[PDB]
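First the structure, in the form of structure tokens, and then the observations on it.
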Amino acid sequence: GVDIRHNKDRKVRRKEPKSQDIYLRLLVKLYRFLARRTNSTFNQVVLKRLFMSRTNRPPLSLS
Amino acid sequence: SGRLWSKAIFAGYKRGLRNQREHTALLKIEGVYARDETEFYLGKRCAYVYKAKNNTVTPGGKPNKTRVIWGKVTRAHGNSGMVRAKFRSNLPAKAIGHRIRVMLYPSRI
Amino acid sequence: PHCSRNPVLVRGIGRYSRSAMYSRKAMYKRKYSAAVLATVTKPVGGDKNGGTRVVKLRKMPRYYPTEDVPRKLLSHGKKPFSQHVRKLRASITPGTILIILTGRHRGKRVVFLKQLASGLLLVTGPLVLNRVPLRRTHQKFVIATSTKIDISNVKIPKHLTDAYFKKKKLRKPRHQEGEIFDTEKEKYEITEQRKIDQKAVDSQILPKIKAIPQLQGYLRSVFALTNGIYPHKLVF
Amino acid sequence: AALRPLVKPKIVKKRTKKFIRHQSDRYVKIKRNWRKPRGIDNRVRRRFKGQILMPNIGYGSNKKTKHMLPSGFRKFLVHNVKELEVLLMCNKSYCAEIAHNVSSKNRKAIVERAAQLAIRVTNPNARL
Amino acid sequence: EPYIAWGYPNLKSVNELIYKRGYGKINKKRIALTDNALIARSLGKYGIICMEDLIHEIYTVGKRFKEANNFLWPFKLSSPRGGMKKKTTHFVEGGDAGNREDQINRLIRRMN
Amino acid sequence: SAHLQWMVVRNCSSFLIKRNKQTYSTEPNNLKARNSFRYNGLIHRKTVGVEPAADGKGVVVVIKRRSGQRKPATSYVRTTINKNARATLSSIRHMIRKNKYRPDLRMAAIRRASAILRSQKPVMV
RNA sequence: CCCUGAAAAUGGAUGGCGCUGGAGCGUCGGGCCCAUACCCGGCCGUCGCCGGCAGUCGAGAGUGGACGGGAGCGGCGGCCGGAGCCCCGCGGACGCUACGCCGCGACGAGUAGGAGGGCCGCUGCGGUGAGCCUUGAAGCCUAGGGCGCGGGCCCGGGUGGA
Ligand SMILES: [Mg+2]
Ligand SMILES: [Mg+2]
Ligand SMILES: [Mg+2]
Ligand SMILES: [Mg+2]
Ligand SMILES: [Mg+2]
Ligand SMILES: [Mg+2]
Ligand SMILES: [Mg+2]
Ligand SMILES: [Mg+2]
Ligand SMILES: [Mg+2]
Ligand SMILES: [Mg+2]
Ligand SMILES: [Mg+2]
């Protein structure tokens with residue numbers, strides 16, 4: 001018996017996209033490979049961004 | 001023509017007061033009544049020989065009613081003889097207080 | 001092909017250190033800087049079949065099982081039983097008297113000759129005394145008493161390896177369906193070589209036991225346990 | 001005699017006896033099918049000593065040895081000869097059984113095809 | 001005071017602990033110190049580049065003692081073989097709680 | 001495209017057999033019968049198959065060409081082999097490795113080829 | 001320390017038996033006994049490493065490698081010297097339903113309550129199985145064989161008749 005608090009044990013975060021858009025699923029495979037097999041941090045954010053919700057991927061105005 | 005084994009009495013399973021672990025039994029080797037003298041039997045193989053109804057095959061012998069539960073001595077259990085031992089199958093409780101033989105099998109002497 | 005040149009004082013550690021052996025091995029003066037067949041060509045066997053047939057051994061397998069098992073890792077130990085280290089109990093010395101505890105000759109007192117290469121003990125009772133012939137015994141299932149007889153300067157024949165004592169098997173010549181069970185081989189045959197060898201060893205050990213008084217009767221006896229003594233108190 | 005599997009590891013079952021539902025014995029209206037007792041006084045829900053055990057993930061069988069038949073195989077359900085061919089390439093880690101619904105005459109042909117495909121059948125003698 | 005029992009380990013004791021039950025915190029993982037390169041992979045920057053460095057850095061406290069102690073996983077010892085004669089009272093009063101001067105070495109020999 | 005098609009039919013197909021802790025794919029031109037992107041015989045530009053011959057004896061290998069991708073009527077060239085086993089797999093081995101025609105199912109073919117040939121030879125009582 | 005002080009109701013309580021060179025009391029010793037506590041090991045699951053695998057790369061290769069003189073050594077072709085591209089074998093396990101597979105570390109109580117998964121289950125519908133079925137469905141019974149931690153499920157035998 002070890003005294004720890006397990007309420008924060010499971011970090012909550014998007015691990016795979018919730019949608020079933022296969023095209024969206026596709027480049028997830030692509031960029032998951034990209035971040036895994038490269039040191040380019042830029043991939044991680046892109047891979048991290050592909051998971052997030054429509055509200056979390058707000059439309060970007062042209063201006 | 002020889003007894004070839006020391007007699008023992010099944011004195012019960014290893015147990016607390018309100019909990020009993022059936023997988024190891026407490027054996028009482030007759031003639032030893034202190035922890036020190038237990039070193040002789042400390043690794044000997046023990047056997048529980050009992051009779052049953054239906055005949056069973058016998059190694060190097062004819063089928064008969066004789067069955068046996070094999071086991072070996074594990075260690076002494078507490079300050080006065082009282083060796084604890086293990087068996088391939090846990091001893092049935094009807095064997096309490098009956099004859100257990102220690103076979104004088106593998107001897108370090 | 002020199003000897004180890006590094007005597008061992010404890011298993012795993014030699015007597016000398018790296019520099020000490022470098023001098024001992026004379027590594028200072030001897031410093032060195034630097035520096036078939038798969039197929040066979042059989043004849044042609046024509047005529048006009050010209051071109052020697054290049055046959056290759058280990059032809060490719062004719063069938064593959066649907067799957068297989070991946071190879072095991074490597075162990076760096078686990079030497080086979082043939083090349084195991086044979087440990088013999090200290091009380092067991094050539095000429096001591098042992099007691100068989102397990103087999104048909106349980107409780108019989110026999111003398112211990114040399115120990116076999118397998119680690120099995122080659123012993124024989126003075127067959128005239130206890131009907132125990134030259135027969136292997138296991139050192140873990142015997143009791144080494146404190147009685148020893150000088151069996152030094154006796155000639156144990158060298159052709160008594162474990163293969164000689166190995167059990168023989170006959171079944172089964174060209175019979176698979178079992179409907180005529182063999183009525184032979186059940187009487188195991190005491191080969192003459194065993195007979196004469198047993199005579200040869202017993203002819204020279206028997207004078208050695210008769211020297212000390214009442215030892216033949218001691219060996220003619222069979223060990224037993226009474227309602228009195230206990231083995232943990234006995235001194236063997 | 002029979003067809004050996006690729007491997008026959010020592011199947012180890014963490015528990016053999018079924019979990020009978022609490023108070024299945026006393027009442028017949030309660031079936032032996034397990035139910036989690038959710039009661040304030042429920043003495044088996046509290047895990048008292050000397051009572052009915054609960055199912056829990058600790059009783060999970062080995063991943064290698066999960067779903068092993070007593071003879072080194074795994075089960076698969078077929079209904080006619082067509083699905084048997086997909087086993088021709090497993091053939092050593094999975095055994096097929098004829099579904100209960102298959103009539104005799106259809107099932108007689110399947111076992112013949114099964115034998116010639118070296119496929120182990122759980123219920124060969126099923127209408128004969 | 002009552003929840004701990006502490007003392008001054010000696011060179012043999014510190015040797016035994018890191019060798020028999022020494023575990024490292026590599027990548028927040030409890031990793032057994034089975035190879036020296038594991039030490040160098042994490043503590044190489046501080047000059048702690050072998051098993052003996054960790055012992056030396058600990059036994060006599062070094063400039064980089066804090067990093068070394070944090071690198072070591074806390075030792076998970078077995079229960080004290082042979083009992084301990086009390087748990088709820090101080091050592092000076094025949095118990096075990098509190099500071100025993102150097103008999104902690106005895107207790108260590110009984111733990112691991 | 002194979003990958004786009006694979007996402008479509010990875011879990012929705014008429015050939016999908018999801019039974020007890022198992023999955024099996026029954027498309028005609030698949031080896032090992034397992035549902036997988038690598039071994040599926042429908043989505044790949046170049047595919048290989050090993051089926052028993054029309055008669056009992058012999059085996060048949062099917063290869064998908066590169067032009068008639070959209071035309072299944074002529075998208076597979078089938079030929080039969082009725083020679084000794086050792087000659088067959090060696091002959092089969094040359095279809096994949098020498099031609100570089102998907103040198104990943106090379107053994108899945110010969111393993112399947114070894115099985116089917118061993119099926120046709122009569123059983124012993 | 002012990003005794004007196006010291007009286008309640010069914011017959012009863014150092015738990016009982018008993019216990020007086022102690023099985024009582026006070027201070028101490030050495031051993032011994034066991035919990036789901038701790039150490040090691042096996043297994044299950046969760047979480048974390050946002051770990052690893054698209055390199056199926058038997059030829060794939062870089063902790064830099066390339067051209068294109070520079071002036072040189074270190075060694076084999078008598079003091080001038082310089083291509084080798086696989087192979088006598090044609091060959092080389094499995095893998096990767098990527099919603100897959102693999103590795104490592106730690107962890108595991110739980111009412112009310114929240115959430116995730118369910119190849120747990122019922123009924124009806126669109127598809128799908130060249131699905132099953134009078135050579136016997138549904139259902140029911142079963143000291144039959146089993147699987148799954150479980151929800152439950154498959155198969156044997158009997159009845160049954162769509
Ligand atoms: Mg815990
Ligand atoms: Mg909790
Ligand atoms: Mg079960
Ligand atoms: Mg009921
Ligand atoms: Mg309550
Ligand atoms: Mg109540
Ligand atoms: Mg102890
Ligand atoms: Mg307290
Ligand atoms: Mg009083
Ligand atoms: Mg819980
Ligand atoms: Mg029925």
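Lettering and numbering for the structure tokens are positional, with chains as A, B, ... in the shown order, residues counted from 1 in each chain, and ligands counted from 1 in the shown order.
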
**Request:** Throw together the list of residues within 7 Å of ligand 1, counting only C-alpha atoms (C1' of nucleotides) and all ligand atoms, and drop it here as a ChimeraX atom specification.
**Result:** /A:1-2 /G:107-108

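Around residue 33 (chain D), within 12 Å and counting only C-alpha atoms (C1' of nucleotides), the residues found are residues 18, 19, 20, 21, 22, 23, 24, 25, 28, 29, 30, 36 and 55 of chain D; 120, 150, 151 and 152 of chain G, once anything fewer than 3 positions away on its own chain is removed.
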
**Request:** Give the residues close to ligand 3, within 7 Å, counting only C-alpha atoms (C1' of nucleotides) and all ligand atoms; write them as a PyMOL selection string.
**Result:** (chain D and resi 15-18) or (chain G and resi 148)

**All helix (DSSP H, G or I) positions in region 20-124 of chain D, as a PyMOL selection string** = chain D and resi 57-59+81-87+104-116

Please produce a file of the residues just selected, as a compact mmCIF listing (two decimals), in the first residue's frame, where the atoms kept are N, CA, C and O atoms.
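Saved as again-v5.txt:
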```txt
# COMPACT_ATOMS: atom_id res chain seq x y z
N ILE D 57 -10.75 -8.87 -12.76
CA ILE D 57 -9.77 -9.02 -13.81
C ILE D 57 -8.55 -9.81 -13.35
O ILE D 57 -7.79 -10.31 -14.19
N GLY D 58 -8.35 -9.96 -12.04
CA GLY D 58 -7.25 -10.77 -11.56
C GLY D 58 -7.34 -12.22 -11.96
O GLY D 58 -6.31 -12.90 -12.03
N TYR D 59 -8.54 -12.71 -12.24
CA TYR D 59 -8.72 -14.08 -12.69
C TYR D 59 -8.48 -14.25 -14.18
O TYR D 59 -8.73 -15.34 -14.71
N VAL D 81 -19.11 -26.28 -46.08
CA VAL D 81 -17.74 -26.51 -46.51
C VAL D 81 -17.01 -25.22 -46.87
O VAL D 81 -15.79 -25.16 -46.75
N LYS D 82 -17.74 -24.18 -47.27
CA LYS D 82 -17.08 -22.98 -47.77
C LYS D 82 -16.20 -22.33 -46.71
O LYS D 82 -15.03 -22.02 -46.97
N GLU D 83 -16.73 -22.12 -45.51
CA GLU D 83 -15.92 -21.48 -44.48
C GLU D 83 -14.78 -22.36 -43.99
O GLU D 83 -13.90 -21.87 -43.29
N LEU D 84 -14.78 -23.65 -44.32
CA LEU D 84 -13.70 -24.50 -43.86
C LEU D 84 -12.38 -24.14 -44.54
O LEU D 84 -11.32 -24.26 -43.92
N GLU D 85 -12.43 -23.68 -45.79
CA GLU D 85 -11.19 -23.40 -46.51
C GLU D 85 -10.38 -22.28 -45.89
O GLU D 85 -9.16 -22.28 -46.00
N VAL D 86 -11.03 -21.31 -45.23
CA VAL D 86 -10.25 -20.24 -44.62
C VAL D 86 -9.40 -20.76 -43.47
O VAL D 86 -8.51 -20.04 -42.99
N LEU D 87 -9.64 -21.98 -43.01
CA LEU D 87 -8.82 -22.62 -42.00
C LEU D 87 -7.65 -23.40 -42.58
O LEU D 87 -6.79 -23.85 -41.83
N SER D 104 -27.28 -33.87 -41.28
CA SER D 104 -26.34 -34.98 -41.38
C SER D 104 -25.65 -35.01 -42.73
O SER D 104 -24.42 -35.06 -42.81
N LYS D 105 -26.43 -34.97 -43.82
CA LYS D 105 -25.85 -35.19 -45.14
C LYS D 105 -24.86 -34.10 -45.51
O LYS D 105 -23.82 -34.39 -46.11
N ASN D 106 -25.14 -32.85 -45.16
CA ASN D 106 -24.15 -31.80 -45.37
C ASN D 106 -22.93 -32.02 -44.50
O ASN D 106 -21.79 -31.88 -44.97
N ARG D 107 -23.13 -32.38 -43.23
CA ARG D 107 -22.01 -32.53 -42.32
C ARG D 107 -21.16 -33.74 -42.66
O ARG D 107 -19.96 -33.74 -42.36
N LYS D 108 -21.73 -34.76 -43.30
CA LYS D 108 -20.93 -35.90 -43.72
C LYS D 108 -19.90 -35.49 -44.77
O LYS D 108 -18.76 -35.96 -44.74
N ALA D 109 -20.30 -34.63 -45.71
CA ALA D 109 -19.36 -34.20 -46.74
C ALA D 109 -18.26 -33.32 -46.15
O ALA D 109 -17.10 -33.39 -46.59
N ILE D 110 -18.60 -32.49 -45.17
CA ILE D 110 -17.62 -31.56 -44.61
C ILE D 110 -16.46 -32.30 -43.97
O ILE D 110 -15.29 -31.99 -44.22
N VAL D 111 -16.76 -33.31 -43.15
CA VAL D 111 -15.69 -34.00 -42.43
C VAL D 111 -14.74 -34.68 -43.42
O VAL D 111 -13.52 -34.68 -43.21
N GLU D 112 -15.27 -35.25 -44.50
CA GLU D 112 -14.40 -35.79 -45.54
C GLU D 112 -13.47 -34.72 -46.07
O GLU D 112 -12.25 -34.92 -46.14
N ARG D 113 -14.02 -33.56 -46.43
CA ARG D 113 -13.17 -32.46 -46.88
C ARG D 113 -12.23 -32.02 -45.76
O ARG D 113 -11.08 -31.65 -46.02
N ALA D 114 -12.71 -32.04 -44.52
CA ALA D 114 -11.87 -31.66 -43.39
C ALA D 114 -10.69 -32.62 -43.25
O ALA D 114 -9.56 -32.19 -43.01
N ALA D 115 -10.94 -33.92 -43.38
CA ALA D 115 -9.87 -34.89 -43.24
C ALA D 115 -8.81 -34.71 -44.33
O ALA D 115 -7.61 -34.73 -44.04
N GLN D 116 -9.24 -34.51 -45.57
CA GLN D 116 -8.30 -34.32 -46.66
C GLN D 116 -7.59 -32.98 -46.60
O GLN D 116 -6.60 -32.78 -47.31
```

**Prompt:** Which chain E residues are at most 9 Å from chain G (counting only C-alpha atoms (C1' of nucleotides)), as a ChimeraX atom specification?
**Reply:** /E:27-31,76-80,112

Only N, CA, C and O atoms, please: the residues just picked out, written as a CSV table (one decimal), in the first residue's frame.
```csv
chain,number,residue,atom,x,y,z
E,27,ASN,N,14.2,8.1,-17.2
E,27,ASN,CA,13.0,8.4,-17.9
E,27,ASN,C,11.8,8.2,-17.1
E,27,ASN,O,10.7,7.7,-17.5
E,28,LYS,N,11.9,8.5,-15.8
E,28,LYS,CA,10.8,8.3,-14.8
E,28,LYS,C,10.4,6.8,-14.7
E,28,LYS,O,9.3,6.5,-14.3
E,29,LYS,N,11.3,5.9,-15.1
E,29,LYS,CA,11.1,4.5,-15.0
E,29,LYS,C,12.1,3.9,-13.9
E,29,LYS,O,13.2,4.3,-13.9
E,30,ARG,N,11.5,3.0,-13.1
E,30,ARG,CA,12.4,2.3,-12.1
E,30,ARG,C,13.2,1.2,-12.8
E,30,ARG,O,12.6,0.2,-13.2
E,31,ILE,N,14.4,1.5,-13.1
E,31,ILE,CA,15.3,0.6,-13.8
E,31,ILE,C,16.4,0.1,-12.9
E,31,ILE,O,17.1,0.8,-12.2
E,76,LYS,N,13.5,-0.4,-1.8
E,76,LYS,CA,12.3,-1.2,-1.4
E,76,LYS,C,12.8,-2.4,-0.7
E,76,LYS,O,13.0,-3.5,-1.4
E,77,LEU,N,13.1,-2.4,0.6
E,77,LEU,CA,13.6,-3.5,1.3
E,77,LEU,C,12.5,-4.4,1.8
E,77,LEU,O,11.4,-4.1,1.9
E,78,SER,N,12.9,-5.7,2.0
E,78,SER,CA,12.1,-6.6,2.6
E,78,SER,C,11.8,-6.3,4.1
E,78,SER,O,12.4,-5.4,4.6
E,79,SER,N,10.9,-7.0,4.7
E,79,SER,CA,10.7,-6.8,6.1
E,79,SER,C,11.9,-7.3,7.0
E,79,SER,O,12.6,-8.1,6.5
E,80,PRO,N,12.1,-6.6,8.1
E,80,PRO,CA,13.4,-7.0,8.9
E,80,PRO,C,13.3,-8.4,9.4
E,80,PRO,O,12.5,-8.7,10.2
E,112,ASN,N,17.7,-6.2,4.0
E,112,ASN,CA,18.1,-6.8,2.7
E,112,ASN,C,19.2,-7.9,2.8
E,112,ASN,O,19.5,-8.2,4.0
```

**Item:** Non-local contacts of residue 6 (chain E) (7 Å; only C-alpha atoms (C1' of nucleotides); under 2 positions in same chain excluded) as a count of residues only
**Value:** 5

**Prompt:** Could you list, as a ChimeraX atom specification, all the residues within 10 Å of ligand 6, counting only C-alpha atoms (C1' of nucleotides) and all ligand atoms?
**Reply:** /D:39-43

**Prompt:** Near region 103-113 of chain F, within 7 Å and counting only C-alpha atoms (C1' of nucleotides), which residues show up once chain neighbours fewer than 3 positions away are dropped, as a VMD selection string?
**Reply:** (chain C and resid 64 to 66) or (chain D and resid 89) or (chain F and resid 31 to 32 50 89 92 to 93 96 to 97 100 116 to 117) or (chain G and resid 56)

Keeping only N, CA, C and O atoms (P, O5', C5', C4', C3', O3' and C1' of nucleotides), take the residues you just selected and write them out as a PDB file, in the first residue's frame.
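Output (out_20.pdb):
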```pdb
ATOM      1  N   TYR C  64       6.594 -27.347 -47.213  1.00  0.00           N
ATOM      2  CA  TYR C  64       6.758 -26.496 -46.048  1.00  0.00           C
ATOM      3  C   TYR C  64       5.509 -26.614 -45.187  1.00  0.00           C
ATOM      4  O   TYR C  64       4.384 -26.541 -45.713  1.00  0.00           O
ATOM      5  N   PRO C  65       5.653 -26.800 -43.879  1.00  0.00           N
ATOM      6  CA  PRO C  65       4.484 -26.770 -42.998  1.00  0.00           C
ATOM      7  C   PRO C  65       3.847 -25.391 -42.998  1.00  0.00           C
ATOM      8  O   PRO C  65       4.495 -24.377 -43.271  1.00  0.00           O
ATOM      9  N   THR C  66       2.547 -25.368 -42.696  1.00  0.00           N
ATOM     10  CA  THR C  66       1.774 -24.138 -42.829  1.00  0.00           C
ATOM     11  C   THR C  66       2.349 -23.009 -41.982  1.00  0.00           C
ATOM     12  O   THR C  66       2.437 -21.870 -42.453  1.00  0.00           O
TER      13      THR C  66
ATOM     14  N   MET D  89      -5.087 -22.508 -43.991  1.00  0.00           N
ATOM     15  CA  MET D  89      -3.818 -21.878 -43.689  1.00  0.00           C
ATOM     16  C   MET D  89      -3.539 -21.733 -42.204  1.00  0.00           C
ATOM     17  O   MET D  89      -2.389 -21.474 -41.835  1.00  0.00           O
TER      18      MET D  89
ATOM     19  N   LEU F  31      -4.242 -14.918 -49.790  1.00  0.00           N
ATOM     20  CA  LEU F  31      -3.522 -16.005 -49.155  1.00  0.00           C
ATOM     21  C   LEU F  31      -3.559 -15.826 -47.647  1.00  0.00           C
ATOM     22  O   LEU F  31      -3.639 -14.708 -47.132  1.00  0.00           O
ATOM     23  N   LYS F  32      -3.525 -16.955 -46.943  1.00  0.00           N
ATOM     24  CA  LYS F  32      -3.595 -17.060 -45.491  1.00  0.00           C
ATOM     25  C   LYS F  32      -4.989 -16.758 -44.964  1.00  0.00           C
ATOM     26  O   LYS F  32      -5.230 -16.922 -43.762  1.00  0.00           O
ATOM     27  N   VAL F  50      -3.110 -18.594 -54.938  1.00  0.00           N
ATOM     28  CA  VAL F  50      -2.816 -20.013 -55.115  1.00  0.00           C
ATOM     29  C   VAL F  50      -4.076 -20.818 -54.822  1.00  0.00           C
ATOM     30  O   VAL F  50      -4.488 -20.934 -53.664  1.00  0.00           O
ATOM     31  N   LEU F  89       7.195 -25.274 -56.180  1.00  0.00           N
ATOM     32  CA  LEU F  89       7.519 -24.111 -55.357  1.00  0.00           C
ATOM     33  C   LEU F  89       8.718 -23.359 -55.913  1.00  0.00           C
ATOM     34  O   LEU F  89       8.731 -22.123 -55.919  1.00  0.00           O
ATOM     35  N   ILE F  92       7.233 -21.587 -58.553  1.00  0.00           N
ATOM     36  CA  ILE F  92       6.472 -20.506 -57.940  1.00  0.00           C
ATOM     37  C   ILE F  92       7.407 -19.425 -57.427  1.00  0.00           C
ATOM     38  O   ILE F  92       7.191 -18.235 -57.671  1.00  0.00           O
ATOM     39  N   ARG F  93       8.480 -19.822 -56.741  1.00  0.00           N
ATOM     40  CA  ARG F  93       9.394 -18.848 -56.157  1.00  0.00           C
ATOM     41  C   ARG F  93       9.919 -17.883 -57.210  1.00  0.00           C
ATOM     42  O   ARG F  93      10.220 -16.723 -56.907  1.00  0.00           O
ATOM     43  N   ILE F  96       7.559 -14.698 -57.934  1.00  0.00           N
ATOM     44  CA  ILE F  96       7.593 -13.552 -57.039  1.00  0.00           C
ATOM     45  C   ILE F  96       8.977 -12.921 -57.017  1.00  0.00           C
ATOM     46  O   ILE F  96       9.148 -11.769 -57.432  1.00  0.00           O
ATOM     47  N   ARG F  97       9.978 -13.667 -56.545  1.00  0.00           N
ATOM     48  CA  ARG F  97      11.274 -13.057 -56.262  1.00  0.00           C
ATOM     49  C   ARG F  97      11.944 -12.550 -57.530  1.00  0.00           C
ATOM     50  O   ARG F  97      12.423 -11.411 -57.577  1.00  0.00           O
ATOM     51  N   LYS F 100       9.997  -9.672 -58.947  1.00  0.00           N
ATOM     52  CA  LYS F 100       9.743  -8.609 -57.973  1.00  0.00           C
ATOM     53  C   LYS F 100       8.251  -8.320 -57.830  1.00  0.00           C
ATOM     54  O   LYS F 100       7.857  -7.228 -57.413  1.00  0.00           O
ATOM     55  N   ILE F 116      -1.790 -27.171 -50.384  1.00  0.00           N
ATOM     56  CA  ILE F 116      -2.786 -27.674 -51.325  1.00  0.00           C
ATOM     57  C   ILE F 116      -2.278 -28.934 -52.013  1.00  0.00           C
ATOM     58  O   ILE F 116      -3.024 -29.902 -52.199  1.00  0.00           O
ATOM     59  N   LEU F 117      -0.998 -28.951 -52.384  1.00  0.00           N
ATOM     60  CA  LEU F 117      -0.432 -30.155 -52.979  1.00  0.00           C
ATOM     61  C   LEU F 117      -0.499 -31.327 -52.013  1.00  0.00           C
ATOM     62  O   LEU F 117      -0.824 -32.452 -52.409  1.00  0.00           O
TER      63      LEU F 117
ATOM     64  P     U G  56      10.494  -3.596 -42.235  1.00  0.00           P
ATOM     65  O5'   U G  56      10.470  -4.533 -43.521  1.00  0.00           O
ATOM     66  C5'   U G  56      11.674  -5.083 -44.041  1.00  0.00           C
ATOM     67  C4'   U G  56      11.424  -5.917 -45.272  1.00  0.00           C
ATOM     68  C3'   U G  56      10.685  -5.206 -46.402  1.00  0.00           C
ATOM     69  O3'   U G  56      11.163  -5.686 -47.655  1.00  0.00           O
ATOM     70  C1'   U G  56       9.443  -7.089 -45.710  1.00  0.00           C
TER      71        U G  56
END
```

**Prompt:** Do you have the CA of residue 70 (chain F)-CA of residue 1 (chain F) distance handy?
**Reply:** 11.5 Å

**Message:** Please determine, counting only C-alpha atoms and all ligand atoms, which residue among B:11, B:25, B:57, B:76 has the shortest atom-to-atom distance to ligand 7.
**Reply:**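 Nearest candidate to ligand 7 out of B:11, B:25, B:57, B:76: B:76.
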
**Request:** With a distance threshold of 6 Å and counting only C-alpha atoms (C1' of nucleotides), extract the residues of chain G near chain F and express them as number ranges by chain.
**Result:** G: 56, 97, 119, 128

**Request:** Run DSSP on the backbone and grab whatever in region 67-165 of chain C lands in strand (DSSP E or B); send it over as a PyMOL selection string.
**Result:** chain C and resi 96-100+108-115+121-124+135-137+142-148

Next, dump the selected residues to file, keeping only N, CA and C atoms, as a CSV table (one decimal), in the first residue's frame.
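Output (again.csv):
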```csv
chain,number,residue,atom,x,y,z
C,96,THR,N,33.9,-48.3,0.8
C,96,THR,CA,32.9,-48.2,1.9
C,96,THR,C,31.7,-49.1,1.6
C,97,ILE,N,30.9,-49.4,2.7
C,97,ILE,CA,29.8,-50.2,2.6
C,97,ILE,C,28.5,-49.3,2.6
C,98,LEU,N,27.7,-49.5,1.6
C,98,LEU,CA,26.5,-48.7,1.4
C,98,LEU,C,25.2,-49.5,1.6
C,99,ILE,N,24.1,-48.9,1.7
C,99,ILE,CA,22.8,-49.5,1.9
C,99,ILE,C,21.9,-49.0,0.9
C,100,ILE,N,21.4,-49.9,0.1
C,100,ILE,CA,20.4,-49.6,-1.0
C,100,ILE,C,19.1,-49.3,-0.3
C,108,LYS,N,19.9,-53.7,1.6
C,108,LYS,CA,21.0,-54.6,1.5
C,108,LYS,C,22.3,-53.8,1.6
C,109,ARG,N,23.3,-54.4,2.3
C,109,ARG,CA,24.6,-53.8,2.5
C,109,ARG,C,25.6,-54.3,1.5
C,110,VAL,N,26.2,-53.4,0.7
C,110,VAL,CA,27.1,-53.7,-0.4
C,110,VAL,C,28.3,-52.8,-0.3
C,111,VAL,N,29.4,-53.2,-0.9
C,111,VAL,CA,30.6,-52.5,-0.9
C,111,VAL,C,30.6,-51.6,-2.2
C,112,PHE,N,31.3,-50.4,-2.1
C,112,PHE,CA,31.2,-49.4,-3.1
C,112,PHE,C,32.6,-49.4,-3.8
C,113,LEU,N,32.5,-49.8,-5.1
C,113,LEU,CA,33.7,-49.7,-6.0
C,113,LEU,C,33.7,-48.3,-6.6
C,114,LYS,N,34.5,-48.0,-7.6
C,114,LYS,CA,34.6,-46.7,-8.2
C,114,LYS,C,33.3,-46.2,-8.7
C,115,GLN,N,33.2,-44.9,-8.8
C,115,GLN,CA,32.0,-44.2,-9.3
C,115,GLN,C,32.1,-44.0,-10.8
C,121,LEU,N,26.9,-44.8,-9.1
C,121,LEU,CA,27.8,-45.6,-8.3
C,121,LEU,C,27.8,-47.0,-8.8
C,122,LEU,N,29.0,-47.5,-9.2
C,122,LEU,CA,29.1,-48.9,-9.6
C,122,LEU,C,29.5,-49.7,-8.3
C,123,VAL,N,28.6,-50.5,-7.9
C,123,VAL,CA,28.9,-51.3,-6.7
C,123,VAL,C,28.5,-52.8,-7.0
C,124,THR,N,29.0,-53.7,-6.1
C,124,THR,CA,28.5,-55.0,-6.1
C,124,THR,C,28.6,-55.5,-4.7
C,135,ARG,N,26.1,-53.7,-10.2
C,135,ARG,CA,24.9,-53.0,-10.6
C,135,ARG,C,25.1,-51.5,-10.1
C,136,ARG,N,24.7,-50.6,-11.0
C,136,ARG,CA,24.8,-49.2,-10.7
C,136,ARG,C,23.8,-48.8,-9.7
C,137,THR,N,24.2,-47.9,-8.8
C,137,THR,CA,23.4,-47.3,-7.8
C,137,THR,C,23.6,-45.8,-7.8
C,142,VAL,N,21.4,-43.9,-1.3
C,142,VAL,CA,22.2,-44.8,-0.5
C,142,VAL,C,22.7,-44.1,0.8
C,143,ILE,N,23.1,-44.9,1.8
C,143,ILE,CA,23.6,-44.4,3.0
C,143,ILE,C,25.0,-44.9,3.1
C,144,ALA,N,26.0,-44.0,3.3
C,144,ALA,CA,27.4,-44.3,3.4
C,144,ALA,C,27.8,-44.6,4.9
C,145,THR,N,27.9,-45.8,5.2
C,145,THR,CA,28.3,-46.1,6.6
C,145,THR,C,29.8,-45.8,6.8
C,146,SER,N,30.2,-45.9,8.1
C,146,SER,CA,31.6,-45.5,8.4
C,146,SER,C,32.5,-46.7,8.3
C,147,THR,N,32.1,-47.8,7.6
C,147,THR,CA,32.9,-49.0,7.5
C,147,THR,C,33.6,-49.0,6.1
C,148,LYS,N,34.9,-49.0,6.0
C,148,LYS,CA,35.6,-49.1,4.8
C,148,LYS,C,36.6,-50.2,4.8
```
